[PDB]
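Just one chain follows, in the form deposited in one PDB entry, and it is written as structure tokens.
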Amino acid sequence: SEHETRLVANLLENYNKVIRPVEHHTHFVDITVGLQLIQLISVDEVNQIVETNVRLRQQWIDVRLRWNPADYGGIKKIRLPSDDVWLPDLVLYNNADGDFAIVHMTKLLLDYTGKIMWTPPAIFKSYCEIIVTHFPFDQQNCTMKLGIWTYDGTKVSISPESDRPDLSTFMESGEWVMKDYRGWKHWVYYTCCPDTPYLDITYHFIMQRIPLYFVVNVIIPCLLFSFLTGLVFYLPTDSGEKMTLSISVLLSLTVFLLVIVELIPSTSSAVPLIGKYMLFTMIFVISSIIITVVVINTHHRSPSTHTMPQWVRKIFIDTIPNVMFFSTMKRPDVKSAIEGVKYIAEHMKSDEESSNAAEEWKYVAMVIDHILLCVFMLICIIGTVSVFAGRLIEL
């Protein structure tokens, strides 16, 4: 367009993009800043960095860039490269490891009255406190602080476009649900002087994690291992496999600890819920193995070297089985030949006595196993409910 060509030629002829767009140096540029959230790329719990794809809408008036439409064929709006005109140096104050200012210098829309609309894109990597205490049922509040880097509020004033960020074209995250979002403007003063306000706009987003991936991928196998380590106590000691079952459950828990460390964040600020439940499962399995060793020792108790204490006989043989209602447990040469037959008979007598004592020891061990099976199933249920119920009810 020849009209637009002439307009652009005459509109930047004596335009210095170093100078503020104010009629007088005592005035301030009023910039309307609006933030539009396009996508939540990721949340890094370990480094406490939130990555978002945004459009940073900025509006201000530049009196030097106005023209009369009647002199240029009725043109009212033109597009100019953003690097041709003065721009506000908005900086993400809580930038973690990304770009501090806008780097994509897209074209801006210039109105014949000097009103400018600039909406560059950006990737914000902002630092925010991640609270891994109820992980994976955790809610995060991560913010974006924006302000003019080198001007105070008497020279360049920024105000929010609306009280909430624009999430009209937001993409559903698939890992996070956006509970709430708002934008606030702050006035900050210093001991220097109370006539020089410093302005910032903070946008915060309340994010709730969708706890389906972590539940299925971590918590369910832990529940399985807790149940199995409880189950070990129904296995008879005669089948020489109590140690096999218990220690193989421990080995599976170790492999799954490898998996867990692969999956959950490696933070150290606090113990997550999964960390607590994993440690509880580990202690449960270890206690199960120790008590199984104790039971195996009691079951193979030699009657020749050991005699059953009276209190053990009174407790585990007399009273406890009576209260276990659901169980099904019980509540010439002829002289030499004659002497040999007598010897065989008396050896059978001794063997029978020893077998009776050993069977009493085995019965005591079996009753102890019944008690521990009931107790450990109760502990598994109580611990599983207790570790998660507070958070689940909290939601």
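Residue numbers run from 1 along the displayed sequence. Rigid core here is just the name for the largest C-alpha set that superposes within 1.5 Å across the two forms.
Same protein, other form: the form deposited in another entry, not shown, and the subject of what follows.
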Might you check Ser269, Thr154, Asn217, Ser159 and identify the only one whose CA position changes by 2 Å or more between the shown form and the other one on rigid-core superposition?
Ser269
Displaced residue check between the shown form and the other one: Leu373, CA, 2 Å or over, core reference:
no
Is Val259 one of the residues whose C-alpha moves 2 Å or more between the shown form and the other one after the core fit?
yes
If you line up the core, does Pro194 shift 2 angstroms or more at its C-alpha between the shown form and the other one?
yes
Cα separation of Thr267 and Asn217 in that other deposited form versus here, shift of 3 Å or more
farther
